[PDB]
Amino acid sequence: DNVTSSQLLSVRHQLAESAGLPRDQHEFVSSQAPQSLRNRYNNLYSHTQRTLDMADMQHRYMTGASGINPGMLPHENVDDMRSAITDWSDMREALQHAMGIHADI
């Protein structure tokens with residue numbers, strides 16, 4: 001069977017949580033980084049925002065499971081979830097470096 005209801009929102013909480021630069025990161029990727037970096041910023045997130053909506057939907061008791069998409073699989077959101085972090089995570093180290101910092105892992 002699909003993931004538990006608590007997990008559905010659990011995956012949307014981990015995604016959206018990371019799907020959002022703190023502060024300094026934005027000041028650079030938006031006020032410094034080139035358009036290519038800006039347009040791509042919201043792009044990867046564009047898919048993350050529409051994905052989380054699918055997660056916190058099946059919760060007929062928690063969220064609004066009424067007039068929603070044509071019934072989607074609870075595993076459809078979790079999949080796209082980790083996908084978004086794949087782009088965001090890569091940005092975490094990228095943006096930090098491009099901004100003007102060096103890491104030593």
# chains A, B, ... in the order shown; residues from 1 in each chain; ligands from 1

call {"tool": "select_by_dssp", "arguments": {"residues": "chain A", "states": "alpha helix (DSSP H)", "output": "ChimeraX atom specification"}}
result
/A:5-18,24-29,35-55,74-100

call {"tool": "closest_atom_pairs", "arguments": {"of": "segment 20-104 of chain A", "to": "segment 1-12 of chain A", "cutoff": "8 Å", "atoms": "only C-alpha atoms", "output": "Markdown table"}}
result
| residue | atom | partner | partner_atom | distance |
| --- | --- | --- | --- | --- |
| A:52 | CA | A:12 | CA | 5.1 |
| A:55 | CA | A:8 | CA | 5.2 |
| A:56 | CA | A:9 | CA | 5.4 |
| A:58 | CA | A:5 | CA | 7.6 |
| A:59 | CA | A:5 | CA | 6.5 |
| A:73 | CA | A:2 | CA | 7.8 |
| A:74 | CA | A:2 | CA | 6.1 |
| A:75 | CA | A:2 | CA | 6.2 |
| A:77 | CA | A:8 | CA | 7.9 |
| A:78 | CA | A:11 | CA | 6.1 |
| A:81 | CA | A:11 | CA | 6.9 |

call {"tool": "write_last_selection", "arguments": {"atoms": "N, CA, C and O atoms", "output": "PDB file, in the first residue's frame"}}
result
ATOM      1  N   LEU A  52       3.923  19.481  -3.689  1.00  0.00           N
ATOM      2  CA  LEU A  52       3.498  19.441  -2.292  1.00  0.00           C
ATOM      3  C   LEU A  52       1.975  19.449  -2.184  1.00  0.00           C
ATOM      4  O   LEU A  52       1.404  18.822  -1.292  1.00  0.00           O
ATOM      5  N   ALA A  55       0.625  16.133  -2.061  1.00  0.00           N
ATOM      6  CA  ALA A  55       0.895  15.444  -0.807  1.00  0.00           C
ATOM      7  C   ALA A  55      -0.193  15.734   0.220  1.00  0.00           C
ATOM      8  O   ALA A  55      -0.890  14.827   0.674  1.00  0.00           O
ATOM      9  N   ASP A  56      -0.334  17.006   0.580  1.00  0.00           N
ATOM     10  CA  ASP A  56      -1.340  17.417   1.553  1.00  0.00           C
ATOM     11  C   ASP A  56      -2.705  17.581   0.891  1.00  0.00           C
ATOM     12  O   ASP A  56      -3.313  18.650   0.953  1.00  0.00           O
ATOM     13  N   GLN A  58      -4.744  14.156  -0.068  1.00  0.00           N
ATOM     14  CA  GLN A  58      -5.449  12.927   0.286  1.00  0.00           C
ATOM     15  C   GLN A  58      -6.008  12.984   1.708  1.00  0.00           C
ATOM     16  O   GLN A  58      -6.942  12.254   2.041  1.00  0.00           O
ATOM     17  N   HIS A  59      -5.433  13.842   2.545  1.00  0.00           N
ATOM     18  CA  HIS A  59      -5.881  13.978   3.929  1.00  0.00           C
ATOM     19  C   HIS A  59      -7.282  14.582   4.000  1.00  0.00           C
ATOM     20  O   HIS A  59      -7.455  15.731   4.409  1.00  0.00           O
ATOM     21  N   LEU A  73      -2.044   9.159  -7.049  1.00  0.00           N
ATOM     22  CA  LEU A  73      -1.438   8.213  -6.119  1.00  0.00           C
ATOM     23  C   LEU A  73      -0.612   8.941  -5.059  1.00  0.00           C
ATOM     24  O   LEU A  73       0.185   9.822  -5.382  1.00  0.00           O
ATOM     25  N   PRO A  74      -0.792   8.582  -3.774  1.00  0.00           N
ATOM     26  CA  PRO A  74      -0.058   9.209  -2.666  1.00  0.00           C
ATOM     27  C   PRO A  74       1.457   9.114  -2.832  1.00  0.00           C
ATOM     28  O   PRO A  74       2.206   9.843  -2.181  1.00  0.00           O
ATOM     29  N   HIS A  75       1.906   8.213  -3.701  1.00  0.00           N
ATOM     30  CA  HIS A  75       3.332   8.029  -3.940  1.00  0.00           C
ATOM     31  C   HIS A  75       3.834   8.941  -5.063  1.00  0.00           C
ATOM     32  O   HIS A  75       5.038   9.040  -5.300  1.00  0.00           O
ATOM     33  N   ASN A  77       3.485  12.205  -5.148  1.00  0.00           N
ATOM     34  CA  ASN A  77       4.025  13.410  -4.530  1.00  0.00           C
ATOM     35  C   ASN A  77       5.392  13.143  -3.904  1.00  0.00           C
ATOM     36  O   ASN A  77       6.329  13.920  -4.089  1.00  0.00           O
ATOM     37  N   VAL A  78       5.500  12.045  -3.162  1.00  0.00           N
ATOM     38  CA  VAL A  78       6.756  11.686  -2.509  1.00  0.00           C
ATOM     39  C   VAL A  78       7.892  11.565  -3.522  1.00  0.00           C
ATOM     40  O   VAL A  78       9.019  11.980  -3.256  1.00  0.00           O
ATOM     41  N   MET A  81       8.919  14.804  -4.739  1.00  0.00           N
ATOM     42  CA  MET A  81       9.450  15.491  -3.567  1.00  0.00           C
ATOM     43  C   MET A  81      10.975  15.457  -3.554  1.00  0.00           C
ATOM     44  O   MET A  81      11.631  16.490  -3.680  1.00  0.00           O
TER      45      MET A  81
END

call {"tool": "closest_residue", "arguments": {"among": "A:35, A:44, A:17, A:30", "to": "residue 88 of chain A", "atoms": "only C-alpha atoms"}}
result
A:44

call {"tool": "closest_residue", "arguments": {"among": "A:25, A:51, A:89, A:31", "to": "residue 76 of chain A", "atoms": "only C-alpha atoms"}}
result
A:51

call {"tool": "atom_distance", "arguments": {"atom1": "atom CA of residue 32 of chain A", "atom2": "atom CA of residue 99 of chain A"}}
result
8.2 Å

call {"tool": "residues_around", "arguments": {"residues": "residue 94 of chain A", "least_positions_apart": "4", "cutoff": "12 Å", "atoms": "only C-alpha atoms", "output": "JSON list (two decimals) with N, CA, C and O atoms, in the first residue's frame"}}
result
[["chain", "number", "residue", "atom", "x", "y", "z"],
["A", 25, "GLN", "N", 21.13, 34.04, 0.84],
["A", 25, "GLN", "CA", 21.12, 33.26, -0.39],
["A", 25, "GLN", "C", 20.25, 33.93, -1.45],
["A", 25, "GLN", "O", 20.61, 33.95, -2.63],
["A", 28, "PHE", "N", 21.58, 37.16, -3.10],
["A", 28, "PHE", "CA", 22.59, 36.88, -4.12],
["A", 28, "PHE", "C", 21.94, 36.29, -5.37],
["A", 28, "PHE", "O", 22.07, 36.84, -6.46],
["A", 29, "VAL", "N", 21.26, 35.16, -5.21],
["A", 29, "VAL", "CA", 20.61, 34.48, -6.33],
["A", 29, "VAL", "C", 19.54, 35.35, -6.99],
["A", 29, "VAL", "O", 19.06, 35.02, -8.08],
["A", 33, "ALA", "N", 23.30, 36.94, -8.66],
["A", 33, "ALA", "CA", 23.33, 35.89, -9.68],
["A", 33, "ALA", "C", 22.68, 36.35, -10.99],
["A", 33, "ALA", "O", 21.79, 37.20, -10.99],
["A", 37, "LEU", "N", 20.39, 32.13, -13.43],
["A", 37, "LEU", "CA", 20.34, 31.59, -12.08],
["A", 37, "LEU", "C", 19.02, 31.96, -11.40],
["A", 37, "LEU", "O", 18.53, 31.23, -10.54],
["A", 41, "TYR", "N", 15.84, 29.43, -10.61],
["A", 41, "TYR", "CA", 15.52, 29.35, -9.19],
["A", 41, "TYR", "C", 14.05, 29.01, -8.99],
["A", 41, "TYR", "O", 13.71, 27.99, -8.38],
["A", 87, "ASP", "N", 17.42, 19.32, -6.82],
["A", 87, "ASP", "CA", 17.78, 20.58, -7.46],
["A", 87, "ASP", "C", 18.11, 21.63, -6.41],
["A", 87, "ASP", "O", 19.06, 22.40, -6.55],
["A", 88, "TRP", "N", 17.32, 21.65, -5.34],
["A", 88, "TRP", "CA", 17.52, 22.60, -4.25],
["A", 88, "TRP", "C", 18.82, 22.30, -3.51],
["A", 88, "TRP", "O", 19.64, 23.20, -3.28],
["A", 89, "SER", "N", 19.02, 21.03, -3.15],
["A", 89, "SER", "CA", 20.22, 20.61, -2.45],
["A", 89, "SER", "C", 21.47, 21.04, -3.22],
["A", 89, "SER", "O", 22.41, 21.59, -2.64],
["A", 90, "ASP", "N", 21.46, 20.78, -4.52],
["A", 90, "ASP", "CA", 22.59, 21.15, -5.38],
["A", 90, "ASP", "C", 22.82, 22.65, -5.34],
["A", 90, "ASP", "O", 23.96, 23.12, -5.46],
["A", 98, "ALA", "N", 29.05, 30.12, -5.25],
["A", 98, "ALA", "CA", 28.95, 31.22, -6.20],
["A", 98, "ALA", "C", 28.86, 32.56, -5.49],
["A", 98, "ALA", "O", 29.40, 33.56, -5.95],
["A", 99, "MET", "N", 28.18, 32.57, -4.35],
["A", 99, "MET", "CA", 28.02, 33.80, -3.56],
["A", 99, "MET", "C", 29.38, 34.38, -3.18],
["A", 99, "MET", "O", 29.59, 35.59, -3.28],
["A", 100, "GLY", "N", 30.29, 33.51, -2.75],
["A", 100, "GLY", "CA", 31.61, 33.96, -2.37],
["A", 100, "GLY", "C", 32.15, 33.23, -1.15],
["A", 100, "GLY", "O", 32.81, 33.83, -0.30],
["A", 101, "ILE", "N", 31.88, 31.93, -1.07],
["A", 101, "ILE", "CA", 32.35, 31.12, 0.04],
["A", 101, "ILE", "C", 32.95, 29.80, -0.44],
["A", 101, "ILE", "O", 32.66, 29.35, -1.55],
["A", 102, "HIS", "N", 33.79, 29.20, 0.40],
["A", 102, "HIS", "CA", 34.43, 27.93, 0.05],
["A", 102, "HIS", "C", 34.26, 26.92, 1.18],
["A", 102, "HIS", "O", 34.57, 27.20, 2.33],
["A", 103, "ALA", "N", 33.78, 25.73, 0.82],
["A", 103, "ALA", "CA", 33.57, 24.67, 1.80],
["A", 103, "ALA", "C", 34.69, 23.64, 1.75],
["A", 103, "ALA", "O", 35.35, 23.48, 0.72]]
